[PDB]
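So you can see what is in the structure, the chains are spelled out below.
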Amino acid sequence: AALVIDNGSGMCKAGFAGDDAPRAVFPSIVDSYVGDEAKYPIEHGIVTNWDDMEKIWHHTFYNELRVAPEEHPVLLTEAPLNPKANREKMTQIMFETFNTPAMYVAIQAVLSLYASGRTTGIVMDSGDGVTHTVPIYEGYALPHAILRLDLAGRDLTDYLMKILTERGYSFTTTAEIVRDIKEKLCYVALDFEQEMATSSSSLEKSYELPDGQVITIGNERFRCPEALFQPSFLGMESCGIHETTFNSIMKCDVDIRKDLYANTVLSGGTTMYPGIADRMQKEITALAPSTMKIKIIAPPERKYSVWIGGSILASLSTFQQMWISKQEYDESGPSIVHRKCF
Amino acid sequence: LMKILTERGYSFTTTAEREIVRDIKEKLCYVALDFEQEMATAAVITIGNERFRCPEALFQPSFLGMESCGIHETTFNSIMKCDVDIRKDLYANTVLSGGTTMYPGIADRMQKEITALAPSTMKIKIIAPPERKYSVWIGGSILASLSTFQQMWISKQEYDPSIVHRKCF
Amino acid sequence: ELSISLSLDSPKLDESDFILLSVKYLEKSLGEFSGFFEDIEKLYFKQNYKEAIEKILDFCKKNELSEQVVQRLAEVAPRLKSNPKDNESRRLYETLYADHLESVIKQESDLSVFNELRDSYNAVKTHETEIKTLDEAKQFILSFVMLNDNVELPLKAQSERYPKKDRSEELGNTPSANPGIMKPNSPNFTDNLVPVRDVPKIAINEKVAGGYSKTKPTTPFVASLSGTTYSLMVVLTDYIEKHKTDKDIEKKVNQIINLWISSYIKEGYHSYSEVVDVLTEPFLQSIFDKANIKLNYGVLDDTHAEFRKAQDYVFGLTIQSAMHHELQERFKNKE
Amino acid sequence: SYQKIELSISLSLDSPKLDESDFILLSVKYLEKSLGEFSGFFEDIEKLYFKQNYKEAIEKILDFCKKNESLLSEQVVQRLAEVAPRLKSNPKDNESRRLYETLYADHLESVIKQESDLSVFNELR
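Residues numbered from 1 in each chain as written, not as in the entry; some residues may be left out. Chains lettered and ligands numbered in written order. Part of a larger assembly, values for the part shown. Heavy atoms only, no water. Residues with missing side-chain atoms left out of burial classes, pairs and counts.

(A) How the structure looks around the packing of helix α8 (residues 240–249) of chain A against helix α10 (residues 278–287) of chain A. Residue and element names in this part refer to chain A. Packing of α8 against α10 leaves a shortest axis separation of 9 Å and a crossing angle of 40°. Overall, the two elements α8 and α10 adopt an arrangement that is oblique. You can see that α8 and α10 cross each other, and the crossing is right-handed. Along its contact with α8, which presents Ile241, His242, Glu243, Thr245 and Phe246, the element α10 presents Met280, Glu283, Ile284 and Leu287. (Axes fitted to C-alpha atoms, helices over the stretch in contact; angles between N-to-C directions. Helix = DSSP H or I, 4+ residues; strand = E, 2+ residues; numbered from the N terminus. Parallel < 35°, antiparallel > 145°, perpendicular 65-115°, else oblique. Left-handed = near helix turned anticlockwise from the far one by under 90°. Contact = heavy atoms within 4.5 Å.)

Below, the structure is given as structure tokens:
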């Protein structure tokens, strides 16, 4: 069997090939404890500390999956624009230290298109770390148009904490619970202004603290997800998910943009906000030319799509030639990845 | 066609100038089979790329700002208000007529758009006469010259205006 | 084995790729025959692929391997029709060649086959101190400022091949990652990834009858023909007149022509054959042979390093385009 | 020019002995002057300086700064935002507090001087 290790920004999703649900999702935070829930190795999608990523991968193979990595070929997920070298230290560790029989590296997003069932388009990937919009023509991204937004849920959960403390409810300590609020209550509007005017206290949902103290959130329900579309809230000048998708679709060829516009697939747990589809429908249908046909696609299983897109690849009889064998590695080195994994 | 050119920069403001516009619509402009592909191959004879868009207004009246369905649908719709039984025929006997249907290529399209909207199993046939410009008239000539129609007329003594409902259709 | 029994299922394979892919099959099944493979390397570079398609298919009879191979290739070869618009393994092989062609001018550090031409191109309107780039710098000057046109034009009037260009509709600029490989996304080995430039989009009017791109369909993307090569000649004609008395001139001229050849394929202005099909012209060849210059137009002896980098490239584009389409089945068999 | 009083704090906010206290004191001047209705804020933050709640008030200040970023500038908010996370205090080198308090006492004295009947102390005897 094969193993699929999506070392993500906040959670690592692992499982096997053929399956349809990560059999193990654990926070990637590292004599050493690298717990499922108990510093951060991958900061913004690029692995800053490698001596502690060995560990995320130790818990992955030996403790969460109880699998000896010596016998399973390993699929791995990189991020768009991994610094080239960081690809190199992924071929190294897996064969030199983990002695795997084989390996493959893929972009976290093409893989999301394959789970939306397509292989030509633009993907918007959000996560607890970087949010990137990645244009992919024919399975391979266009690296000159992959755009990066350094906004994610972390920044966003912390914004909710400000806005509720200001309301009156304070969360001083590590967790005095706002993530639950972020994904159980918050939504994205079509028009922030309409929803801000709505005197009604009807857009208020209430929840229980541990002890039974129920607090109420409203207004904040739709501002948190908006930091994404108007990040000046948080002190930023990068313009938002809506237009970043266009700015890229516009640094590409006139000839391929008909396809990219009709295939904008949302991925990431930062898109599980209800309403992130139609806002961007509004906001890209406006900026786009008027003769364009559009379909923003949000598959319902977007939380673990990068992984799902990996099972698919590994469930393919034809993906058995695309594995970097160790035999090959010993000769060239960690630079076979640039020659076999594009 | 005036507005569209109005923004490609040519200007046809005067009355005589308006006739220029009519002249172009009448011929050069055409109905496109795949609008969208053709507004992407994009990227009196002063030339314009507003050749497929002018007649796309018939298919989608949104350009104009009209809330109505394309002639493609006014057709289907009308059809489904007809007995299921006679539909087979209506589908197989659809004739384009009138002068504004002289835009080249409305035919193949009428076929497609309706075809996909149509029962996956019916028979769709569009019949376009080249003389559609004047087809109404020709139609009437035949009749006036039909021997039998001769009594479907109205005598001056028969007139001796509510016979128009009861002797005529 | 099955791999190539799949990479030869590209509904987008062109002649160029077959050659690379098929020698790969032989190099691992067979393993002497290496000379044949070299011929296969030369015919490809010189674009006599046909001979080569035949030769691989004839060599699929001498050494009879696995019947997969023998029986496989023969059914795909005739359908192969080359496109100078989507020929990409040739772009990697051509853009990577100029790198080798230039490694060898770096080993001709005389760099003084260039000082004399300076004062010879300061006649049509700091010698080699920096190396090569100074000469890539002024090579352009030569052709672009000696004249936009109007001195090269009499030579062009003497040509019956220049009138046959096929270029057209400015389409725009596109920001790519390797120069000859105008295609932005071609899976690029990161071994060869350049800075993100902004590259032009050139368009082809196939309606100019007998257009170059119909004639030599193999040479990728050569909508035009090098117009400023004719004006390389004016500058070259003086040198030969002035320095015909130089003894080693074939070495020194070939140190210029070969550089034009490489830089043009290296910076993306042209392709081998667009620059070369002008130099192999009658009235232009005459100039050289009157001073006994026999030119070697960028044909090198180690063609191997580039060759493999191509077979493997075609291994990458195709296989992953073969799963690309297998997904396009398993989902259209879900929907 | 006034842009030398602004640079001055862009440059005063970069010293290696700056702490939690000095920030609150310089910022207000910066807000009181970058702007020119917001009277309460310099009193709300004030009350907190006497109570040593530099912690919350730094943050409230840097909430006002953003909300009123309109009448302020990109530069002030940028700088101010960078310096705060990295703040600590050292009793030995917390000396602005000391002036305040030294000057405060003389203030509490006139007050007591304005409080006439001093018989209260006599009885304490």
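(B) Region of interest: the interface of chain A and chain C. Contacts between the two partners involve 30 residues from chain A and, on the opposite side, 29 residues from chain C. Summing the contributions of chain A and of chain C, the shared interface buries around 2,700 Å²; its carbon and sulfur component is 60%. Considering only the side of chain A, the residues that lose the most area to chain C are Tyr140, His144 and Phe342 of chain A, jointly responsible for 24% of the buried surface there. Joining chain A to chain C, the criterion identifies three salt bridges. Across the pair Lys201 of chain C and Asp253 of chain A runs a salt bridge, and its minimum N-O distance is 3.3 Å. Taken together, the residues of the side of chain A that touches chain C sort by class into 13 nonpolar, 11 polar and six charged. (Buried area = accessible area lost by both parts, 1.4 Å probe. Salt bridge = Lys/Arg side-chain N within 4 Å of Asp/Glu carboxyl O. Nonpolar A, V, L, I, M, F, W, Y, C, P; charged D, E, K, R; others polar.)

(C) Quick look at unusual backbone geometry. The phi dihedral of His44 of chain A is positive, around 75°, even though this residue is not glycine. Within the element layout of this structure, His44 of chain A appears in the loop between β4 (42–43) and β5 (46–47).

(D) Focus on the sheet that holds strand β7 (residues 102–107) of chain A. Residue and element names in this part refer to chain A. Strand order in the open sheet made by the six strands is β3-β2-β1-β6-β7-β16, with mixed pairing throughout. Each of the sheet's edge strands pairs with one partner strand only, and the pair in question is β3 (24–27) and β16 (324–325). Here strand β2 (residues 11–16) runs beside β3; their pairing, made up of four bridges, is antiparallel. Bridged to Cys12 within β3 is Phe26. The sheet strands contacting helix α1 (residues 53–64) are β1 (3–7), β2, β3 and β6 (74–78), and the helix crosses β1 at an angle near 145°. (Pairing = 2+ DSSP bridges.)

(E) Representation of the pairing of strand β8 (residues 121–125) of chain A in the model. Residues and elements named next belong to chain A. For β8, the buried fraction is high: five of the five residues fall into the buried class. Burial along β8 is two-sided: the residues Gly121, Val123 and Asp125 and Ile122 and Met124 are all buried. Looking at chain direction, β8 and strand β9 (residues 131–137) are connected through five bridges and run antiparallel. Bridging across to β9, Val123 finds its partner in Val134. A loop of five residues connects β8 with β9, the two strands running antiparallel in sequence. (Buried < 20%, exposed > 50% of the residue type's maximum accessible area, 1.4 Å probe, protein only.)

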